[PDB]
Ligand SMILES: N[C@@H](CCC(=O)N[C@@H](CSc1ccc([N+](=O)[O-])cc1[N+](=O)[O-])C(=O)NCC(=O)O)C(=O)O
Ligand SMILES: N[C@@H](CCC(=O)N[C@@H](CSc1ccc([N+](=O)[O-])cc1[N+](=O)[O-])C(=O)NCC(=O)O)C(=O)O
Ligand SMILES: [Ca+2]
């Protein structure tokens, strides 16, 4: 019954994770957009002392999001939130019940967070070389069940964790967003269209076809525009190696 | 009934996490050391294609650890293993039952993994300045309950995740091991002994006092000697400014 408020922004794949999970859970919840990159509200550190989105409040009296209550629990870090929503809504089966299959979900989230996420971050924001990102994506793709299905078989929070980032890659590449070189943009677009990455393309289509994605996605062109408001995605800067 | 084998190495904090959790769970399990850094066994990629420790096998027929069975589940990534052990041993209460307290545990693991671990890596393996690491440690200390207790109050896998890294810091500093300068080594030793870091010292003492730590620790001097075998810790080498 306790209220959930998620502080969010359209561009953010980290925040997107949690919106997907809340939709899959069937939760009642409130979202509130926060201009974290240009004009952080003075009250925002009350909901997240790290000053990052997503931020979540849970419980406490029902209050406007821009007047957060000291009585609400303040939850930070998107993966903690995913596990939290799975704990709050056990009937939604946001994780398998079998411990080995639950471990496949946790492993997949850790493979993404530890080996892929940092490569997306560095290729897009620093223009580092794309080959180690493609290698990491090939590794992640190898963790998927070969025949189809999601990271742990049935849909789970592991797929909420990963699809925001993978789903952004294709339209960001097409719009030329990111500090990588022309040569690496070509390299990545060809690779992600190649037979080498057929399995992850089907995974992306399968995650995107779910209502939890459709109802938390502004559309490809609108997300690209959101992303162009990010200062670190400086138009006109590219790095070469 | 299903066997647990953990592929480990004394020096490794990541492997140490999983040993602590298996002790806390009261599990029956086998450990098998792997010389991952100098002489990887040609069979090891069958238990973990990433070629990293820790690696875990679960179930299948009882076999010698250097003859892994294709029938065992192969589990990778230390934090996935920690959640797995909690799932396997629910009566050992390795996570809280309360959703919010559980989220404190998951948040604390994410704070360490996202903001602290990379600072330990940079200072110890690259000799980058120590200040950002001290700052990250102060943030992580701020997440602890100020009056006492573990990350989520009661002991949880969150404390298994973090104590292997914190516990190595003091003996490694005392041994001058790591690529940071003597100046930054003194700076860090002084900082970690000051009242600024009293709370995280109490945290390290409280975690270390548990049998799960004693039974998985070689002793400070022995752990330093294991760490000196790590090529990337470059014993005898320090960067300056
Ligand atoms: N580990 C956290 C990560 C959350 C995070 O990074 N949030 C952002 C998204 S924006 C973002 C996030 C990552 C990177 N990046 O370069 O890695 C760049 C940007 N950006 O906006 O330029 C933020 O709010 N930053 C505000 C701040 O730190 O003051 C989680 O999982 O929830
Ligand atoms: N995310 C994984 C991380 C596991 C990991 O990094 N394991 C190591 C420990 S050694 C290690 C781990 C991290 C760093 N580091 O530079 O950060 C340096 C070293 N090292 O031995 O020099 C390993 O086996 N590496 C072998 C390989 O990659 O082929 C987990 O949580 O289990
Ligand atoms: Ca595979």
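Quick look at the numbers
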{"quantity": "Single residue of region B:1-22 satisfying the filter (over 14 Å from the mean Cα position of the chain (by Cα) and farther than 24 Å from residue B:229 by Cβ) that is farthest from ligand 3 (Cβ to nearest atom)", "calculated": "B:1"}
{"quantity": "Residue tally, condition surrounded by fewer than 22 Cβ atoms within 10 Å (Cβ to Cβ) and in contact (Cβ under 8 Å) with a residue 12 or more places away in the chain, over region B:113-127", "calculated": "9"}
{"quantity": "Neighbours by Cβ (under 6 Å, 6+ apart or cross-chain): first from region A:130-146, within 13 Å of another protein chain (Cβ to nearest Cβ); second assigned to a helix (DSSP H, G or I) and more than 16 Å from ligand 2 (Cβ to nearest atom)", "calculated": "A:141/A:199; A:141/A:200"}
{"quantity": "Matching entry among B:81, B:56, B:109 (being within 11 Å of chain A (Cβ to nearest Cβ), under 18 Å from the mean Cα position of the chain (by Cα) and under 16 Å from residue A:80 (Cβ atoms))", "calculated": "B:109"}
{"quantity": "1 or more residues away from ligand 1 (no atom under 12 Å from the Cβ): qualifying helices (runs of 4 or more DSSP H) within region A:108-180", "calculated": "A:131-143, A:157-174"}
{"quantity": "Number of positions in region B:78-101 that are in contact with a strand residue (DSSP E or B) (Cβ under 7 Å, 6 or more places away or on another chain) and under 15 Å from residue B:29 (Cβ atoms)", "calculated": "2"}
{"quantity": "Of the criteria (1) more than 19 Å from residue A:179 (Cα to Cα); (2) within 11 Å of chain B (Cβ to nearest Cβ), which one residue A:118 fails", "calculated": "(1)"}
{"quantity": "The one condition in (1) assigned to a helix (DSSP H, G or I); (2) more than 7 Å from every other protein chain (Cβ to nearest Cβ); (3) surrounded by fewer than 22 Cβ atoms within 10 Å (Cβ to Cβ) that residue A:87 fails to fulfil", "calculated": "(2)"}
{"quantity": "Residues satisfying the stated conditions in region A:22-57, i.e. crowded, with 21+ Cβ neighbours inside 10 Å and either assigned to a loop (DSSP other than H, G, I, E, B) or in contact with a helix residue (DSSP H, G or I) (Cβ under 8 Å, 6 or more places away or on another chain) (or both)", "calculated": "A:22, A:24, A:25, A:34, A:36, A:47, A:48, A:53, A:54, A:55, A:56"}
{"quantity": "Residue B:64, sole failed condition from (1) within 12 Å of another protein chain (Cβ to nearest Cβ); (2) free of Cβ contacts under 8 Å to residues at least 12 places away in the same chain", "calculated": "(1)"}
{"quantity": "Any hit, region A:41-49, residues being facing chain B (nearest Cβ under 10 Å) and on the phi < 0 side of the Ramachandran plot", "calculated": "yes"}
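One line per residue, one yes/no per condition, for (1) free of Cβ contacts under 8 Å to residues at least 40 places away in the same chain; (2) within 29 Å of residue A:124 (Cα to Cα):
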residue	(1), (2)
A:5	no, no
A:15	no, yes
A:20	no, yes
A:43	yes, no
A:60	no, no
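Every residue, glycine among them, receives a Cβ derived from its backbone with ideal geometry; neighbour counts consider all protein chains shown. Values quoted throughout were computed directly from the atomic coordinates according to the rules given, and no laboratory measurement underlies them.
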